Structure formats: C-alpha cells, structure tokens
Chemist: 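First the structure, which I've put down as structure tokens, then a few questions once you've had a look.
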Protein chains: 2
Amino acid sequence: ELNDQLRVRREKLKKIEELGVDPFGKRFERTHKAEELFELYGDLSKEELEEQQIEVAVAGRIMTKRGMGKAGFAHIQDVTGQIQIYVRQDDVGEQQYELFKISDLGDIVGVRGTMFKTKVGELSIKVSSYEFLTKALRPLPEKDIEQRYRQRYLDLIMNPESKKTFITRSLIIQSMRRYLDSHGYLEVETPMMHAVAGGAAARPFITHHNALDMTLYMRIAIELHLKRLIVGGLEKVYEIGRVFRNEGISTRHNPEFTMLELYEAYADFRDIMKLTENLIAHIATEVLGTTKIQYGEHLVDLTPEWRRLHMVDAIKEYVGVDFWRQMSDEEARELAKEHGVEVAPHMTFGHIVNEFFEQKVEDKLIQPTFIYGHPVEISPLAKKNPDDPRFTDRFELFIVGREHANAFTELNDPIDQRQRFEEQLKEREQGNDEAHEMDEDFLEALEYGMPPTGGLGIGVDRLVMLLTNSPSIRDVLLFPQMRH
Amino acid sequence: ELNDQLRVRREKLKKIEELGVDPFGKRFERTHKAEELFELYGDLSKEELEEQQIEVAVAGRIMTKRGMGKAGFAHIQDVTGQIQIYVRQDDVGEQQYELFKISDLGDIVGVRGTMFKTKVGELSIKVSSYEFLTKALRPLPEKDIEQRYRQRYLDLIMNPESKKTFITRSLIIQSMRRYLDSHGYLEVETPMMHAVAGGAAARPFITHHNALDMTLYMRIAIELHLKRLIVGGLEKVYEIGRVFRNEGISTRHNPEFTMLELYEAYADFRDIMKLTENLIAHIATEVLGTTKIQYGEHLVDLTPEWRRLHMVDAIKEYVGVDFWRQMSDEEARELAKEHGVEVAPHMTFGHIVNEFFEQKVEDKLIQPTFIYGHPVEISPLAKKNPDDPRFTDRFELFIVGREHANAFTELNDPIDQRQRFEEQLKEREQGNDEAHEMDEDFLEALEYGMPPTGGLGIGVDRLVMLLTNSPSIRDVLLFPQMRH
Ligand SMILES: NCCCC[C@H](N)C(=O)NS(=O)(=O)OC[C@H]1O[C@@H](n2cnc3c(N)ncnc32)[C@H](O)[C@@H]1O
Ligand SMILES: NCCCC[C@H](N)C(=O)NS(=O)(=O)OC[C@H]1O[C@@H](n2cnc3c(N)ncnc32)[C@H](O)[C@@H]1O
Ligand SMILES: [Mg+2]
Ligand SMILES: [Mg+2]
C-alpha cells in the first residue's frame with residue numbers, strides 16, 4: 001500500500017486527454033528564467049508592477065501547490081530556481097482552470113502572464129494562459145546516496161548544491177581548453193580502441209570487433225598515440241578525453257574517467273611543472289576567483305610556485321630512511337620489513353622506494369607538491385636522470401594527499417625505450433600484471449625521431465573534486481559506475 | 001633495397017655521443033616558427049638585414065641538406081613550414097660544424113642565428129649556434145593511400161595539406177562548442193560504458209569489468225543518459241563525444257567516431273531544424289569564412305534556410321511512387337518488387353517506405369536537405385506526428401548524398417515508449433538484430449516526467465569531411481581503424 005497513488009496519476013492522464021490536451025506537450029516558448037524575473041523585477045512594489053504590466057512566459061516543474069476555491073497558487077521550478085504562479089478561474093477560464101486543478105506535483109507546465117506581487121509580497125506571475133506540458137507518472141520521492149547516484153535526475157531536481165557542482169565542472173573543463181588553446185596547444189582526438197593497451201601500468205577492458213575479428217583494448221591512457229603526433233611534428237597537442245581502467249571503484253577512481261594528456265616538443269619536466277601550476281592556477285582563478293581554496297578540513301593554497309620535492313628527499317623527511325645511499329635489493333627489503341612497507345616478489349630497490357612513498361608519505365602531502373625523481377623501474381616511458389640513473393625526470397603532483405597528475409621528460413631514445421619494455425615483460429613474468437606490453441608499432445614511430453618533449457597527464461575528475469570541494473569522485477560524475 | 005642505412009644511422013649515433021652530446025637532446029627555447037619569420041622579415045632587403053642583425057631561435061626536422069665542405073645549408077621544418085639555415089665552420093666552430101656535418105635528413109635540430117637573405121634572395125638564418133636535438137634511426141621516406149593512415153606521423157611530416165585537415169578539424173569542434181555554449185547549452189559527460197546499449201539501432205562492443213563482475217556495453221549512442229538529464233531539469237545539454245558501433249568500416253563509417261548529441265526542453269523538431277542549419281552555417285562561416293564549399297564535384301551552399309522535404313514526398317518526386325494513400329503491407333511489398341527495392345522479412349509498410357528512400361533517393365540529395373516524417377516503425381524514440389501517426393516528427397540531414405544528422409521531437413510518453421520497445425523485441429524475434437533493447441532504467445526515468453523535448457545527433461567526423469573536402473572518414477581521423 002501507499003504507491004497505489006500510481007494508479008491515481010495514471011488516471012489523471014486519460015482525464016487530461018478528455019480535456020482534449022496532449023498530456024506530454026508541444027514546444028513552449030519562454031521569455032525568461034525564474035532567477036531573471038527576480039533579478040529584474042524583485043524590487044518593484046505591488047503597485048509599480050500592476051502599473052507596468054510586464055508579460056512573461058515561463059515553464060517548470062510543479063514543486064508545491066495550494067489551490068482550493070476558484071484560484072490557487074503553485075511554485076514552478078526551472079533550471080534556475082522557482083517562481084510562484086497565481087491561477088484564477090476568472091482569468092484563465094473554466095477549461096484551463098480544470099487543467100490547473102487536475103495538475104499534480106511533479107507535473108510540468110508553462111504559463112504566460114504578468115509579473116505581480118501578492119499582499120504577502122512574493123514576486124509571482126498572474127497567469128493569463130496555463131499550458132499543461134508533461135504528466136509525471138511518479139511523484140518526486142521524499143526530500144539515500146544510492147538514489148542520488150542511481151537516479152541522478154532526482155538529485156538534480158531536488159539538490160541545488162549538486163547541480164552547481166556539475167555546472168562548475170563544465171566551467172573548469174571549458175577554462176582548461178581556453179588556456180591550452182590560447183597557449184597554442186592543438187586539441188586532438190586519438191583512438192580509444194587499441195591493438196595493444198599501453199601508456200600506463202593498468203588492467204584494460206577487453207572487447208572484440210566482429211567484422212575484423214580482432215581483439216581490441218579500450219585505452220588505459222592517451223600517451224602513445226599523442227607521441228606519434230609529436231614524431232609527426234605537431235609540437236603541442238592535448239586531448240581531454242575518456243580513458244578506461246578495469247579496476248575497482250573508490251572515492252578516487254571510476255573505471256571510466258576523464259584525463260587531460262598533453263605533449264610539448266622541446267620542453268622538459270621542469271617546463272611542465274611551470275605549465276601545470278599555471279594551468280591549474282588559471283582555472284581556479286577563473287572559476288572560483290582565487291587560488292586559495294578550502295577542501296575538506298584543509299586550507300589548500302594553489303598559488304604558484306608550488307613545492308618541489310624529490311621522492312627520496314620526501315621519504316627522508318617523512319620516514320627518515322635515506323634512499324640516496326647505493327644499496328642492494330635485499331637491503332631495501334630489510335628496510336621495508338623494518339618500517340612496515342608491504343612489498344611484492346617482482347620488486348627491487350626502485351619499486352621499494354616507491355612503496356615507502358606510497359604507503360608512508362603520500363597522504364601527508366596536503367599543499368600542492370611536485371614529487372619528482374621516481375625510480376626508473378616504475379617509469380618505463382620517462383627519461384633517466386643524467387646524474388643518478390636510478391631515477392628518472394618524472395614528477396607526480398600531490399594535493400590533499402592524493403595523486404592529481406603524472407608527467408615527465410619523455411623517453412625518446414628507441415633503443416632505451418625497447419629495453420624498458422623488455423624489463424617490464426620480465427616483471428610481468430614475476431607476476432606484475434600491470435607491467436606495460438611490447439608495442440612494436442610505437443617503437444618504430446620513435447625510431448623516425450621524436451624530439452626531446454615534455455609530457456603531462458591530469459585526472460580531470462580529481463581536479464574537479466578539488467575545486468568543488470567534493471569528497472568523492474562519485475560526486476563529480478553525473479552517472480558514477482555502481483556495483484550490482 | 002637495404003638496411004645499410006639503418007646501420008649507418010646507428011653508427012652516427014655513437015659518433016655524436018663520442019662528441020660529448022646527448023643524441024636525444026635537452027629542452028630548447030625558441031623565439032619563432034618559420035612562418036612568422038617570413039611574415040615579419042620576408043620583405044626586408046638583404047642589406048638592411050645585414051645591418052639589423054635580427055636574432056632568432058628555431059627548431060625542426062632536417063628535410064633537405066646540401067653539403068659543400070666548410071659551409072652548408074639545410075631546410076628545417078617546424079609545424080608552420082620550413083626555413084633555410086646556413087651553417088659555416090667559420091662561425092659556429094669545429095665541434096658544432098662537425099655536428100652539422102653528421103646530421104642526416106630526418107634528424108631534428110635547433111639553431112640560434114640572425115636573419116639574412118642569400119644572393120638568390122631566399123630569407124634564411126645565419127646560424128651562430130647549432131644544437132643537435134634528436135637522432136632519427138630511420139630515414140625519412142623519398143619524395144600508398146593505406147600507408148599514410150598506417151603511419152600518420154610520416155604523412156604529417158611529408159604532406160603540408162595533411163596537418164591542415166586536422167587543424168581545421170579542431171577549429172570546427174571549437175567553433176561548435178562556442179556556439180553551443182553561448183546559446184545556453186551545458187556541455188556534459190555521460191557514460192560510455194552501459195548496462196544496456198541503447199539510443200540507436202546498432203551492434204555494440206561488449207566488455208567485462210573484473211572486480212564488479214559485470215558485462216558492460218560501450219555506448220552506441222549518447223541519447224538515453226542525456227534524456228535522463230532533461231528529466232533532471234537541466235533544459236539544454238550537449239555532449240561531443242566518442243561513440244562505438246561494432247560494424248565494418250566504409251568511407252563514411254569508423255567503429256569509434258565522434259558524435260554531438262544535444263537536447264532542448266520545450267523545443268520540437270522544427271526548432272532543432274533551425275538550430276542545426278544556423279549552427280552548421282556558423283561553423284562554416286567562422287572557420288572557412290564562407291557558407292559555399294566544395295565537395296567532390298559539387299558546390300554546396302550551406303546558407304540557411306535549407307530545403308525541408310517529407311520523406312514520402314521525396315519518394316513521389318524521385319521515384320514516382322505514392323505512399324500518402326492508406327496502403328496494406330502486401331501492397332507496399334508489391335511496389336517494392338516492382339521497383340527493385342530490397343526488403344527484409346520483418347518489414348512492413350513503414351520500413352518499406354524508408355527502404356524506398358534510402359535505396360532510390362538519398363544519394364540524389366546534394367544540397368543540404370532536411371528529410372522528414374520518418375515512418376514510426378523505424379523511429380522507436382521519436383514522437384508520432386499528430387495528424388498522421390504512421391509517421392514521426394523526425395528528420396535526418398542529408399548533404400552530398402550522405403546522412404549528416406538525425407533528430408526528433410522526443411518521445412516523452414513512457415507508456416508509448418515501452419510499447420515501441422516491445423515492438424522492437426518482436427522485430428528482433430523476426431530477424432532484425434539491430435532492434436532496440438528494453439531498458440527498464442530509462443523507462444523509470446521517463447516515469448518521473450520528461451518535458452516535451454527536441455533532440456539532435458550530428459556525425460562530427462562527417463561534418464569535418466564535408467568542410468574539408470575529404471572523400472573518406474579515414475582522411476579526418478588521425479588514426480582510423482586499420483584492418484588487422
Ligand atoms: N607521458 C607523461 C605521463 C602522461 C600520463 C600517463 N599516460 C598516465 O596515464 N599516468 S596516470 O597517473 O596513470 O594517469 C593520469 C592521472 O589520471 C587520474 N586517474 C588515473 N586513474 C583514474 C581513475 N581510475 N579514476 C579517476 N582518475 C584517475 C590520476 O589523477 C592520474 O594522476
Ligand atoms: N534523440 C534524437 C536523435 C539523437 C541521435 C541518435 N541517438 C543517434 O545515435 N542517431 S544516429 O543517426 O544513429 O547517429 C547520429 C549520427 O552519427 C553519425 N554516425 C553514425 N554512425 C557512424 C559511424 N559508424 N561513423 C561515423 N559516423 C557515424 C551519422 O552522421 C549519424 O547521423
Ligand atoms: Mg602516476
Ligand atoms: Mg538516422
């Protein structure tokens with residue numbers, strides 16, 4: 001019992017046809033958004049308004065209604081807010097009034113009429129024509145997170161704070177393309193279906209092309225095709241697009257997410273550090289009007305210049321172990337054991353250094369920080385640091401304790417690039433099933449010559465989380481991937 | 001005929017290393033692109049250039065090189081074109097001159113020098129500093145059609161007009177979002193991985209998520225989730241994104257392509273017609289400077305307003321057959337036999353009408369034409385025309401004989417929408433594997449009430465082909481799907 005009123009709504013549908021109305025509407029032209037009427041006419045008195053007879057036409061979903069007698073009111077909601085309509089049978093006539101009376105919460109209508117103020121003072125529209133636009137067969141639920149994510153639409157109608165996050169997300173990506181376009185980076189589109197899933201260390205989604213009878217992998221990264229565009233002489237390219245990773249959900253991961261990948265010939269990772277803080281600072285200024293923002297319990301300062309800290313120096317500062325020292329893989333393992341860092345059988349010194357960083361340091365980096373110099377074994381596409389080849393000129397950007405970007409001075413030496421892949425294939429033998437695969441095609445492109453280049457990848461959803469103060473990626477995705 | 005070249009290029013690599021240089025270079029700062037040089041200094045006399053000593057720095061790939069002992073020339077190519085450089089041991093010293101002498105066609109280098117003109121009058125750079133940037137292990141090609149899609153980068157380097165097509169492509173997309181954004185449409189991002197592949201008639205790519213253990217379908221359309229947004233009250237939304245259909249390629253089909261879908265609450269298909277022609281004409285204007293373009297042997301006038309033609313009327317016009325009269329399925333079958341129109345076993349009058357249009361008519365549609373009134377049977381998500389429900393208030397945009405867009409007054413009645421789905425399941429039981437699938441989720445969404453709405457889908461690559469006079473979609477994708 002209770003939802004039996006579903007029969008009541010179903011009933012109200014045929015009655016509307018009997019009134020001779022299309023219960024699902026026709027086009028309806030409007031003159032204004034609810035918020036505009038307030039902004040334009042909110043300060044005119046009841047008298048100045050009857051005086052000016054402003055005609056307007058608006059449409060929206062009925063959120064509240066109080067009829068009775070031969071006149072009633074209702075609050076109608078458009079994407080900008082609600083506006084009260086006053087409907088009297090003496091104005092709209094018998095027929096349209098019956099339509100108003102039979103109208104229910106959830107139903108969508110359009111009206112033409114004049115701006116007016118009741119004796120209570122609430123700006124309203126004194127209706128001259130009432131148009132039924134669409135019958136809601138179910139009532140809007142009673143004002144869980146299951147529903148907000150599984151039925152985003154109800155969340156968007158009932159929770160203004162949620163709809164603004166999505167509008168800001170739009171502004172953020174728009175702001176991003178604007179900066180990137182004005183700085184000469186060419187926007188491009190590369191394949192999301194790959195012969196070989198490469199460009200990152202991740203598990204791919206596998207699919208099949210019936211006609212070509214070929215196995216394809218949804219891309220886990222945009223990197224290798226953008227490098228082919230740098231060999232192509234395109235110099236500055238970027239792509240803000242979807243990438244897919246066959247991994248579980250979390251407050252920071254969605255299997256399909258949005259990544260910005262960007263390449264710039266003749267720059268190195270220090271140049272990309274400057275670009276990354278400037279871009280982001282550009283975006284926060286443009287959308288929030290300030291680079292000082294609040295995220296959860298933190299006051300995060302996005303004002304460039306951001307802190308630069310070598311991964312090894314970070315481990316020294318936050319744990320006290322000094323990996324600058326040349327040591328054997330076993331000594332690294334002993335250290336791991338002593339400090340509670342979990343390590344896998346395919347791991348050697350380099351991987352272990354990164355585990356110390358991930359497991360004991362990461363969550364402590366609240367202010368924007370470029371952690372750089374990642375060990376060569378976890379950076380198969382980055383160029384080795386000329387002074388200490390155990391590390392590469394790579395950096396990751398951390399803020400509020402989490403990874404927001406990855407970037408590097410690109411490895412453009414095909415011989416060295418082929419060896420990194422051989423090293424990865426070996427690791428896969430020892431069980432690292434996220435190790436990159438061989439991609440002969442990519443190697444042959446490199447062999448035609450790729451100029452020294454600086455590359456960058458930003459998790460766009462995570463940046464949006466940060467700039468809208470969303471605790472979870474599920475809050476910045478219209479339709480997050482649900483379990484079950 | 002041999003890899004002696006590969007070998008000699010490897011030999012030089014060791015040689016430039018033994019000269020103390022990083023054969024894969026470091027960052028390199030530039031002041032100009034070859035293009036701006038010509039634009040700024042192409043008109044200056046040879047002697048005022050000598051007097052002025054205008055210092056510049058540029059970088060690019062060596063396309064031509066001519067020896068002659070202790071002074072040499074080369075043309076280096078950047079993304080804007082090529083500039084001749086003049087290098088003499090006289091000026092740059094022996095170690096840089098040696099670097100220049102080893103440099104091959106294909107290698108990438110940077111130079112600092114002053115502007116000057118040769119006796120011949122050619123604007124050039126008198127090199128003061130020669131930086132070796134990257135060794136190409138593989139020779140640039142000499143001076144087929146499949147080859148260049150297979151190695152787009154070779155094509156981008158050797159063929160000027162080539163990158164142009166892609167630069168135009170990005171300008172076309174950018175111009176589309178600017179128009180859409182300024183007209184109130186909210187750019188959004190909805191799922192590409194679906195529980196049920198819907199929004200179109202097409203076979204999907206199927207994949208699986210390991211952790212969640214679930215079958216996922218790559219989207220074949222953007223429609224169902226944008227419609228959820230319209231139920232959600234957002235009013236105007238659009239998304240320019242990749243879509244996936246598991247079908248063979250053709251000069252107008254790629255398995256992954258870019259579609260623009262947009263929805264507008266309170267509008268109908270006639271409003272979407274006007275939006276479509278104003279949006280496309282605007283893009284041609286903004287990007288090409290004209291609405292008159294060349295495509296193959298045709299001069300297409302994209303200036304509004306375009307021709308509106310009812311599908312049935314088009315059939316009477318080009319075929320001489322009438323379908324306005326009430327007619328039986330068997331009579332439609334007879335007409336088809338008489339006219340050589342192929343029909344399947346599940347087809348009835350409505351499908352047959354569309355088969356007459358597609359097989360005998362659409363290829364004659366050269367100038368922009370809104371063909372409208374598609375039969376209800378082939379339009380499961382469009383609202384029936386009220387005066388004659390055998391047809392729907394839908395249109396497809398044809399230009400140069402090919403479908404560029406699809407649109408309709410949306411079916412927002414959930415009862416009818418469920419019926420259409422059921423009819424689709426029967427057609428499937430009857431051999432139509434393109435039939436739509438039942439999506440209870442989408443239906444639930446409509447039960448909350450979707451306002452009357454006008455929707456639109458535009459094949460973005462097809463639009464790009466049109467405005468760049470590209471005969472195949474493969475000419476506008478940087479990396480088109482290759483056959484094994
Ligand atoms: N050539 C220089 C590096 C370029 C980027 C490299 N190809 C890349 O993919 N690196 S990444 O760190 O693996 O991915 C980039 C970012 O995407 C974000 N990301 C990664 N996986 C997810 C998931 N699963 N959800 C949301 N966001 C994600 C996160 O901020 C990462 O910093
Ligand atoms: N709700 C109103 C209709 C919205 C669009 C609907 N969801 C849609 O998918 N229609 S479509 O006609 O099937 O696709 C839209 C356009 O995409 C283009 N398209 C379709 N398939 C391909 C392929 N495979 N390659 C390139 N372009 C394609 C073509 O121009 C179509 O007109
Ligand atoms: Mg990373
Ligand atoms: Mg179509």
Side-chain angles (χ1 to χ4, degrees), chain A residues 199-202 211 221 223 259 354 357-358 362 371 374 378-379 381-382 394-398 402-408 456-459 462, chain B residues 197-203 219-227 230 238-264 267 269 272 276 311 354 357-358 362 371-372 374 378-383 392-399 402-412 434 436 450 453-466 472-474 476-477 480-481:
Chain A
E223 181 156 348
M259 193 193 294
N354 176 76
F357 176 71
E358 279 179 9
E362 219 171 68
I371 290 302
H374 297 47
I378 60 154
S379 328
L381 302 160
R394 171 174 171 198
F395 76 71
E396 277 174 317
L397 165 62
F398 287 76
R402 82 170 61 99
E403 190 204 324
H404 282 71
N406 183 27
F408 25 92
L456 165 71
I458 287 166
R462 307 204 176 149
Chain B
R203 178 153 319 84
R219 99 230 284 205
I220 59 175
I222 311 180
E223 182 161 346
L224 305 196
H225 290 266
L226 291 178
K227 270 172 181 179
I230 290 301
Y238 78 96
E239 174 170 354
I240 298 175
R242 215 80 56 96
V243 167
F244 313 81
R245 290 174 190 189
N246 199 335
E247 47 191 47
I249 50 220
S250 87
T251 60
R252 83 170 91 303
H253 288 86
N254 189 68
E256 47 176 313
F257 62 99
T258 304
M259 189 186 298
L260 176 244
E261 284 209 36
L262 81 58
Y263 291 72
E264 184 184 332
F269 82 134
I272 296 306
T276 301
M311 174 182 293
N354 180 60
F357 174 72
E358 308 204 349
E362 69 179 28
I371 288 293
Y372 71 97
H374 301 50
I378 58 160
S379 315
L381 301 152
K383 188 178 174 181
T392 54
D393 281 355
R394 164 176 183 207
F395 77 74
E396 271 169 323
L397 175 48
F398 283 86
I399 316 171
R402 156 193 312 147
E403 186 204 323
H404 287 68
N406 179 28
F408 17 105
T409 282
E410 304 300 344
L411 184 59
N412 57 329
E434 295 296 276
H436 281 52
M450 187 174 61
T453 295
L456 168 69
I458 280 175
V460 168
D461 320 84
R462 286 172 183 184
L463 173 60
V464 169
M465 295 173 48
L466 195 247
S472 162
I473 189 177
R474 306 170 82 66
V476 302
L477 291 165
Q481 177 53 248

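Numbers restart at 1 for each chain; the letters A, B, ... are given by sequence-line order, proteins then strands. As the structure lists them, so they are numbered: ligands from 1, and atoms in each ligand from 1.
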Chemist: So for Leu381(B), does at least one of its heavy atoms come nearer than 4.0 angstrom to any atom of ligand 2?
Modeler: no
Chemist: Which of the atoms in ligand 2, numbered in the order shown and given with their element, are less than 4.0 Å from a heavy-atom of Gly457(B)?
Modeler: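 So the atoms of ligand 2 that pass are 4 (C), 5 (C).
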Chemist: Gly199(B) to ligand 2: N or O pair under 3.5 Å?
Modeler: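 Checking ligand 2 against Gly199(B), an N or O pair does fall under 3.5 Å apart.
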Chemist: Looking only at heavy atoms, is any part of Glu403(B) under 4.0 Å from ligand 2, and if so is it the side chain, the backbone, or both, or is it neither?
Modeler: both
Chemist: What protein heavy atom sits nearest atom 10 (N) of ligand 2, and how far off is it?
Modeler: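 Here the nearest protein heavy atom works out to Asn406(B) ND2, 2.9 Å.
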Chemist: Provide, to 0.1 Å, the distance between atom 2 (C) of ligand 2 and the closest protein heavy atom, together with that atom's residue and name.
Modeler: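 That would be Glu410(B) OE2, 3.1 Å.
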Chemist: Is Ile473(B) close to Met465(B) at the side-chain level, that is, under 4.5 Å between some pair of heavy atoms?
Modeler: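 When only atoms from C-beta onward are counted, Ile473(B) and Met465(B) do touch, with a gap below 4.5 Å.
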Chemist: Ligand 2 versus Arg252(B), non-hydrogen atoms closer than 4.0 Å: side chain, backbone, both, neither?
Modeler: backbone
Chemist: Do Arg394(A) and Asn406(A) get their side chains close enough for a donor-acceptor pair, meaning under 3.5 Å?
Modeler: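 Judged by distance alone, the side chains do pair up.
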Chemist: Report the nearest protein non-hydrogen atom to atom 30 (O) of ligand 2: residue, atom name, distance rounded to 0.1 Å.
Modeler: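 Answer, as residue, atom name and distance: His404(B) O, 3.2 Å.
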Chemist: One residue to check: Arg245(B). Relative to ligand 2, which of side chain, backbone, both or neither has a non-hydrogen atom less than 4.0 Å away?
Modeler: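 Answer for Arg245(B): side chain.
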Chemist: Hey, which N, O or S atom on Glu396(A) ends up closest to the Mg ion (ligand 3)?
Modeler: OE2
Chemist: Run the salt-bridge test on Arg219(B) and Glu239(B) with the 4.0 Å N-O cut-off and return the result as yes or no.
Modeler: yes
Chemist: Take every heavy atom of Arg394(B), measure it against each atom of ligand 2, and state whether any distance is under 4.0 Å.
Modeler: no
Chemist: Among protein heavy atoms, which sits nearest to atom 25 (N) of ligand 2, and what does the distance come to when rounded to 0.1 Å?
Modeler: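 Of every protein heavy atom, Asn254(B) N, 3.3 Å lies nearest to atom 25 (N) of ligand 2.
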Chemist: Determine whether the aromatic ring centres of residues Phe408(B) and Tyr372(B) are separated by less than 6.0 angstrom.
Modeler: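 Ring-ring flag for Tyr372(B)/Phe408(B): false, centres at least 6.0 Å apart.
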Chemist: Checking the side chain of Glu261(B) only, and the main-chain atoms of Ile222(B) only, is there a donor and an acceptor separated by less than 3.5 Å?
Modeler: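 Yes.
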Chemist: Is it true that a side-chain atom of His404(A) and a backbone atom of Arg402(A) form a donor plus acceptor pair closer than 3.5 Å?
Modeler: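 Judged by distance alone, yes, a pair lies under 3.5 Å.
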Chemist: Do any N or O atoms from the side chain of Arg474(B) and from the backbone of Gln481(B) form a donor-acceptor pair under 3.5 angstrom?
Modeler: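 Yes; at least one donor-acceptor contact below 3.5 Å.
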Chemist: Heavy-atom contacts with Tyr263(B) under 4.0 Å: which atoms of ligand 2 show up? List them by number with element.
Modeler: 1 (N), 2 (C), 4 (C)
Chemist: If you look at every heavy atom in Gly248(B) and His253(B), which pair is closest and at what distance?
Modeler: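 Heavy-atom minimum between the residues: O-CB, 3.9 Å.
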Chemist: For atom 18 (C) of ligand 2, what's the nearest protein heavy-atom neighbour? Residue, atom name and distance, please.
Modeler: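 Result for atom 18 (C) of ligand 2: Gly459(B) CA, 3.6 Å.
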Chemist: Got the closest protein heavy atom to atom 27 (N) of ligand 2, with its distance?
Modeler: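 The answer is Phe257(B) CD1, 3.4 Å.
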Chemist: Relative to ligand 2, is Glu261(B) under 4.0 angstrom through side chain, backbone, both or neither, heavy atoms considered?
Modeler: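 It is the side chain that touches ligand 2; the backbone stays farther off.
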Chemist: Does an N or O anywhere in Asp461(B) fall below 3.5 Å from an N or O of ligand 2?
Modeler: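 No, since none of the N or O atoms of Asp461(B) sits under 3.5 Å from an N or O of ligand 2.
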Chemist: Under 3.5 Å between some N or O of ligand 2 and some N or O of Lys227(B)?
Modeler: no
Chemist: For atom 7 (N) of ligand 2, which protein heavy atom lies nearest, and how many Å away is it?
Modeler: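 Minimum-distance protein heavy atom for atom 7 (N) of ligand 2 reads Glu223(B) OE1, 2.7 Å.
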Chemist: For atom 29 (C) of ligand 2, what is the closest protein heavy atom, and at what distance to 0.1 Å?
Modeler: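 Nearest neighbour among protein heavy atoms for atom 29 (C) of ligand 2, to 0.1 Å: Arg462(B) NH1, 3.3 Å.
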Chemist: Under a 4.0 Å N-O cut-off, is there an ion pair linking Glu434(B) with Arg203(B)?
Modeler: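 Yes, charged N to carboxylate O under 4.0 Å.
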